[PDB]
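*Asks:* Residue numbers (PDB author numbering), protein chains in the order written: chain A, 968 to 1222; chain B, 37 to 84; chain C, 181 to 219, 236 to 565.
Shown below is the structure under consideration.
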Amino acid sequence: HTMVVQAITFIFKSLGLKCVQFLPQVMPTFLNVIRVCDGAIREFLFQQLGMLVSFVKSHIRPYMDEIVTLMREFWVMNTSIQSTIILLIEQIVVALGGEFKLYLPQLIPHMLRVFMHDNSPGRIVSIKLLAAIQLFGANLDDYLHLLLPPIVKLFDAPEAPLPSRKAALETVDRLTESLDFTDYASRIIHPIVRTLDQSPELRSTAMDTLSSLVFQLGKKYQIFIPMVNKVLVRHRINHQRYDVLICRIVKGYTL
Amino acid sequence: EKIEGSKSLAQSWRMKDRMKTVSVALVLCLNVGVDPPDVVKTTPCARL
Amino acid sequence: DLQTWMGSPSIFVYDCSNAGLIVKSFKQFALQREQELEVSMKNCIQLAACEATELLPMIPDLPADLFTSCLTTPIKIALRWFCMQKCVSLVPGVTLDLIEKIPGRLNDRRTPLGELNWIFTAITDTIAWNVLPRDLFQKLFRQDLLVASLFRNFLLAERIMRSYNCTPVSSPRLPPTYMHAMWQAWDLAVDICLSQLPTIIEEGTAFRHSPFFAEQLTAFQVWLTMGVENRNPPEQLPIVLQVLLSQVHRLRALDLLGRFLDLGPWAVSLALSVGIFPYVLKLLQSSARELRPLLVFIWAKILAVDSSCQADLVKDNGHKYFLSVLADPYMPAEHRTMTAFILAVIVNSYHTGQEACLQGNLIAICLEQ
């Protein structure tokens, strides 16, 4: 099992984009091999399938539906296979790009279960899934209202460890660059304001996330400025970009 | 009120000039029947 | 060398994969020429399908000429893209084959296809006016028609291509409009317009027009009710302009526009900046006497601010339209007062207008009233 697939991976890498020719042979067998494989090989196959997908890239579209079905079937709360699959998820996103939003809804049930019940030490499988969500990009448009509440609970939970809280905040920063966040301003800002009390360590990261959100909202953020200012003074939060951005918004100058 | 005319503001709404697109250049590097080497098109690809 | 042969007034459209590189290098060669000029940048417009890093989409559903199609056939790809989104579940029985067989033309606004083109023109011109700074809006959307059409359709390209990891690029950089609220209104307009297509094609039902323009005039009216304060201007002002082109809603729009002008002289200035003047002037060629009281009102407010328009009214012989109103006993004395004021402005310190009104027998008409 181990040697056969290591060869095929090196072959596809050595070929380049000419490997696309061999796709119809490899994939149907390779997928059925993942189905009937047992124990350790499963994890290894998923690792090597990721490599395959990274080379095939857009050409993997016909077999993508089966791959998702495979993932859906063999996704378990087992920490080991989750980290493995999350890596394979990140590679599918770069491969399909815009076409990934067709298959994401099948994966959502497992992603929502990851946040609900994550027993990973320090929730590093959650942190990994946050790093994946950053890659999702404009795919998340139609499903952001579903994914966001779990993420919001993550960085507002005090029981949760600080590393996992930083990871959630940095994710919102990235998603702010690409997605629209006007609709869900309140659902986020109120946990953030609350986070600026209970912990001074997140004050830096969180404030950077806020400025990005402010930049995206523009005049729509004016509403919250009174309320947030009250929390900022209470703990002397002095952000350079944020004070500039507020000044720019109130003045009305556009840049 | 005072018997005084209201000061007319600087009305800048008037268009400075009217442009006219006199001619159009359609440079088509379609290379119909040939595929560019840089991009390895998929078998279905995009034909239209 | 490519920008050597082409001259100063020109516009460049790049439909390729790493098109950003061209725009960067175009500005480089522009700066390089500017450095040589010491011892043609703002004039040169540039549109690019993609960012330098980005690649063009390979998706069989979309046309290969995705960018050009957007610029040149906006409605065509807009409906095909609409039928690819998740929102199609809300309208079952709408395939691409029904889009192929959509009835109408792109000119006749009373047809279903011409309806969409008219709606699209209003929505795009509205988004631009609300988002862009006034200077750059009149530069692109008012200077010349063809540029205005390209940028109108460019906003649609930005929306569609975004959904395929593509970012269009423009030389006068625009702020991102893809997430504007008005786009949701466009969806509803599309939904209502091509929900009738099963009945129009198969049953042969008469295409009822969309309530879009009606509801937008209703929105403009609601704003005017509590519009006394100088808050943010109403988004729908450019829509009122588009409505003036037809006759179906012309009476209602001209009324509301007058009510708007009432708010103050600041508003009349705004209405001149958006570009209402050349459309109000065309209505002076109409003979529908029902229009006469509304135009008299509108023209009094405008000519009160900018008295220089007396020059334009003499060229088009619009002073005859009002002369008729001043010799109509049935016209209320309130509108006749504005008409006498309008004439008193046209005549003011302008020998050409005095010679023109003299031949129109003003002194005799005035003595009658």
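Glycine residues also receive a C-beta, built at the ideal position from the N, C-alpha and C atoms.
#1: Of the choices A:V1195, A:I1008, A:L982 and A:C986, whose alpha-carbon is the least far from that of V971 of chain A?
#2: How about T1176 of chain A and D1210 of chain A: are their beta carbons less than 7 Å apart?
#3: Could you work out which residues of chain C lie near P80 of chain B, taking near to mean beta carbons separated by less than 8 Å?
#4: Do you know how far the Cα of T268 of chain C is from the Cα of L286 of chain C?
#5: For the alpha helix (DSSP H) containing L286 of chain C, name the first residue and the last one.
#6: Give the residues from the region 340-364 of chain C that approach chain A closer than 7 Å (Cβ to any Cβ), ordered along the chain.
#7: List, in chain order, every chain C residue whose beta-carbon is nearer than 9 Å to that of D1032 of chain A.
#8: Quick one: residues in its chain with C-beta nearer than 6 Å to the C-beta of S190 of chain C, no 5 flanking neighbours on either side, listed in chain order?
#9: Decide if the region 326-341 of chain C is in contact with the region 196-215 of chain C; the criterion is three or more beta carbon pairs, one per stretch, under 8 Å apart.
#10: Going by alpha carbons, who is nearest to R301 of chain C out of C:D293, C:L312, C:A500 and C:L294?
#11: Closer than 9 Å by beta-carbon distance: list the chain C residues that pair up with residue 1233 of chain A, in chain order.
#12: What do you reckon, are the CB atoms on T1051 of chain A and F1022 of chain A nearer than 7 Å?
#13: Listing by chain order, which chain C residues have their CB less than 8 Å from the CB of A1105 of chain A?
#14: Entirely within the region 243-309 of chain C and at least 4 residues each: give me those alpha helix (DSSP H) ranges in chain order.
#15: So which residues of chain B does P259 of chain C contact, with C-beta pairs closer than 9 Å?
#16: Does chain B have any CB closer than 7 Å to the CB of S236 of chain C?
#17: Let's test the definition: count the other Cβ atoms within 10 Å of the Cβ of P434 of chain C and tell me whether it reaches 16, buried, or not, exposed.
#18: Strictly below 8 Å CB to CB, what residues from chain A border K282 of chain C?
#19: Nearest by alpha-carbon distance to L1097 of chain A: which of A:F1122, A:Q1073, A:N1086 and A:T1036 is it?
#20: Residues of chain A with a CB under 7 Å from the CB of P253 of chain C: which are they?
#21: Could you pull the start and end residues of the beta strand (DSSP E) that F192 of chain C belongs to?
#22: Interface residues of chain B around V501 of chain C at Cβ under 9 Å?
#23: Kindly say whether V75 of chain B, judged by its beta-carbon, lies nearer than 7 Å to any beta-carbon of chain A.
#24: Quick check on the burial criterion: 16 or more other C-beta atoms within 10 angstroms. Buried or exposed for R1090 of chain A?
#25: DSSP state of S366 of chain C, grouped into three classes?
#26: CA-CA distance, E399 of chain C and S504 of chain C?
#27: Check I39 of chain B in the structure and name its three-state DSSP category.
#28: Please list the segments of the alpha helix (DSSP H) lying wholly inside the region 311-396 of chain C, counting only runs of 4 or more residues, in order along the chain.
#29: So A1173 of chain A and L1136 of chain A are supposed to be a Cβ contact under 8 Å. How far apart are they, rounded?
#30: Is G289 of chain C closer than 7 Å to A248 of chain C when the C-beta atoms are compared?
#31: Along the alpha helix (DSSP H) that carries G549 of chain C, what are the first and last residues, could you check?
#32: Starting from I202 of chain C, follow its DSSP beta bridges and name the residues at the other end.
#33: Given a limit of 7 Å on CB to CB distance, which residues of the region 372-395 of chain C reach chain A?
#34: So, is the C-beta of residue 1239 of chain A closer than 7 Å to a C-beta in chain C?
#35: Among the candidates C:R532, C:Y526, C:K497 and C:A552, whose CA atom is the shortest distance from the CA of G514 of chain C?
#36: How would you label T373 of chain C, buried or exposed, when you count the other beta carbons within 10 angstroms and need 16 or more for buried?
*Replies:* So, from the listed chains and residues:
#1: In the first sequence, the residue the question calls residue 971 of chain A occupies position 4. Taking only the C-alpha atoms, the option nearest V971 of chain A is A:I1008.
#2: Translated into positions along the first sequence, residue 1176 of chain A becomes position 209. Translated into positions along the first sequence, residue 1210 of chain A becomes position 243. No, they are not a contact pair.
#3: Mapped onto the second sequence, residue 80 of chain B falls at position 44. Here the neighbours are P256.
#4: On the third sequence, residue 286 of chain C is found 90 positions in, with the first residue counted as 1. On the third sequence, residue 268 of chain C is found 72 positions in, with the first residue counted as 1. Going by the C-alpha atoms only, they are around 29 Å apart.
#5: Within the third sequence, the letter at position 90 stands for residue 286 of chain C. Looking at the DSSP string, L286 of chain C is not in any alpha helix (DSSP H), and its letter there is neither H nor E.
#6: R358, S359, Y360 and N361
#7: What you label residue 1032 of chain A is simply residue 65 of the first sequence in a count that begins at 1. Residues of chain C whose Cβ lies closer than 9 Å to the Cβ of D1032 of chain A do not exist; the shortest such Cβ separation is about 16 Å.
#8: As a working mapping, residue 190 of chain C is identified with position 10 in the third sequence. Closer than 6 Å at Cβ, skipping near neighbours: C240.
#9: no
#10: Counted from its first residue, the third sequence places residue 301 of chain C at position 105. The residue with the shortest Cα to Cα distance from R301 of chain C is C:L312.
#11: For chain A, the structure presents residues 968 to 1222; residue 1233 of chain A sits outside this window and is missing.
#12: Numbered from its first residue, the first sequence carries residue 1051 of chain A at position 84. Numbered from its first residue, the first sequence carries residue 1022 of chain A at position 55. Their beta carbons are not under 7 Å apart, which means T1051 of chain A does not touch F1022 of chain A by this criterion.
#13: The sequence position of residue 1105 of chain A within the first sequence is 138, counting from 1. Simply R358, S359 and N361.
#14: 262-268, 270-278 and 292-296
#15: On the third sequence, residue 259 of chain C is found 63 positions in, with the first residue counted as 1. Neighbours of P259 of chain C on chain B, chain order: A82, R83 and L84.
#16: As a first step, residue 236 of chain C is located in the third sequence; it is residue number 40 there, counting from the start. Answer no: the Cβ-Cβ gap between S236 of chain C and chain B never drops below 7 Å.
#17: In the third sequence, residue 434 of chain C corresponds to position 238, counting from 1. Its Cβ being crowded by 16 or more others within 10 Å, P434 of chain C is buried.
#18: Walking along the third sequence from the start, residue 282 of chain C turns up at place 86. The answer, in chain order, is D1109.
#19: If you number the first sequence from 1, residue 1097 of chain A lands on position 130. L1097 of chain A has its Cα closest to that of A:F1122, out of A:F1122, A:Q1073, A:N1086 and A:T1036.
#20: Translated into positions along the third sequence, residue 253 of chain C becomes position 57. Simply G1065.
#21: Reading the third sequence from its first residue, position 12 is the one you call residue 192 of chain C. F192 of chain C -> beta strand (DSSP E) spans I191 to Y194.
#22: To locate residue 501 of chain C, count along the third sequence from 1; it is residue 305. Chain B residues near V501 of chain C: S44, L45 and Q47.
#23: Along the second sequence, one-based indexing puts residue 75 of chain B at 39. Output row for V75 of chain B: interface = no.
#24: If you number the first sequence from 1, residue 1090 of chain A lands on position 123. Buried, because 16 or more other Cβ atoms sit within 10 Å of the Cβ of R1090 of chain A.
#25: Within the third sequence, residue 366 of chain C is the residue found at index 170, counting from 1. Note: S366 of chain C maps to strand in three-state DSSP.
#26: If you number the third sequence from 1, residue 399 of chain C lands on position 203. If you number the third sequence from 1, residue 504 of chain C lands on position 308. If I take the Cα positions, the gap works out to 56 Å.
#27: The count along the second sequence starts at 1 and reaches residue 39 of chain B at position 3. DSSP places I39 of chain B in coil when its eight states are reduced to three.
#28: 330-337, 341-358 and 378-389, all fully within the region 311-396 of chain C.
#29: Mapped onto the first sequence, residue 1173 of chain A falls at position 206. Mapped onto the first sequence, residue 1136 of chain A falls at position 169. So it is a contact: roughly 5 Å between Cβ atoms.
#30: Residue 248 of chain C sits at position 52 when you count from the first residue of the third sequence. Residue 289 of chain C sits at position 93 when you count from the first residue of the third sequence. Not closer than 7 Å, so no.
#31: Residue numbering aside, residue 549 of chain C sits at position 353 when the third sequence is read from its first letter. That run of the alpha helix (DSSP H) goes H547 to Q555.
#32: Here residue 202 of chain C is taken as the residue at index 22 of the third sequence, counted from 1. DSSP lists no partner for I202 of chain C.
#33: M375
#34: As displayed, chain A neither begins before 968 nor continues past 1222, which places residue 1239 of chain A out of reach and without an answer.
#35: Indexing the third sequence from 1 puts residue 514 of chain C at position 318. Looking at the Cα atoms, C:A552 is the closest of the given residues.
#36: Translated into the one-based positions of the third sequence, residue 373 of chain C becomes position 177. It is buried - the Cβ of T373 of chain C has at least 16 other Cβ atoms within 10 Å.
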